[PDB]
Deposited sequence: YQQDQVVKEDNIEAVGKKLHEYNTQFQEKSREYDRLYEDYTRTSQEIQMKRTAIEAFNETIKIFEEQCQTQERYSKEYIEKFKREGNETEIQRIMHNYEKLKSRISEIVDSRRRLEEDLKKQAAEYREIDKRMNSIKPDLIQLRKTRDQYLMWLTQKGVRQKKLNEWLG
């Protein structure tokens, strides 16, 4: 109406428990990487903000240089002061490009590490069913042996 031997079920309890512990350690390693990667991506995103803010002040300096130079530089017979002012301004422009280049390099790392993040989470989500099935199976075999009246000390040695 209401729908194998102990040593054999005890052997499979030991196996399934060992498989479960192993699959837990695996998942745990991935959750370190997931957490570590989340902290690195966040740090890279703030470092990108730090680049943007660094470039913003360089572009204000350019604006300052062009406004402040012009209203002064009409004083021409010193063609000498003028070339010094311009070369200095070319030197500033040249340095923005280095900073822009560095910001772009970091944007590429983050693009790569964003993809690593998504793989870890993918590999995490293909391990969960195994892990959960392996826990529920382990628990089914415990429940069976406890019902059969197997002593806690025999169960203990199969869980180790």
What ranges of the deposited sequence, counted from 1, have no C-alpha atoms in this structure? 1, 5 to 9, 83 to 85
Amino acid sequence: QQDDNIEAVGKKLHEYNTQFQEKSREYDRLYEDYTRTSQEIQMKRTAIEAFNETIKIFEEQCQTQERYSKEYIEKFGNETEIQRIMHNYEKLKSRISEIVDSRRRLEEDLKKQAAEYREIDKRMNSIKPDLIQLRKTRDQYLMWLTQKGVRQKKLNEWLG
From here on, numbers count along this sequence of modelled residues.
Quick one: across the other PDB entries of this protein we compared, is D4 left without coordinates in at least a third of them? no
Mean Cα B factor from the PDB record: higher for 131 to 139, or higher for 63 to 71? 63 to 71
Which one of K56, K44, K93, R29 shows the top CA temperature factor in the record? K93
For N52, the third of its chain by CA B-factor is the lowest
Relative to the other modelled residues in the chain, which third contains the C-alpha temperature factor of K112: lowest, middle or highest? highest
Comparing against every modelled residue in the chain, figure out the third that the C-alpha B-factor of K122 lands in (lowest, middle or highest). highest
Would you please rank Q152 by its C-alpha temperature factor against the other modelled residues of its chain and give the third it falls in: lowest, middle or highest? highest
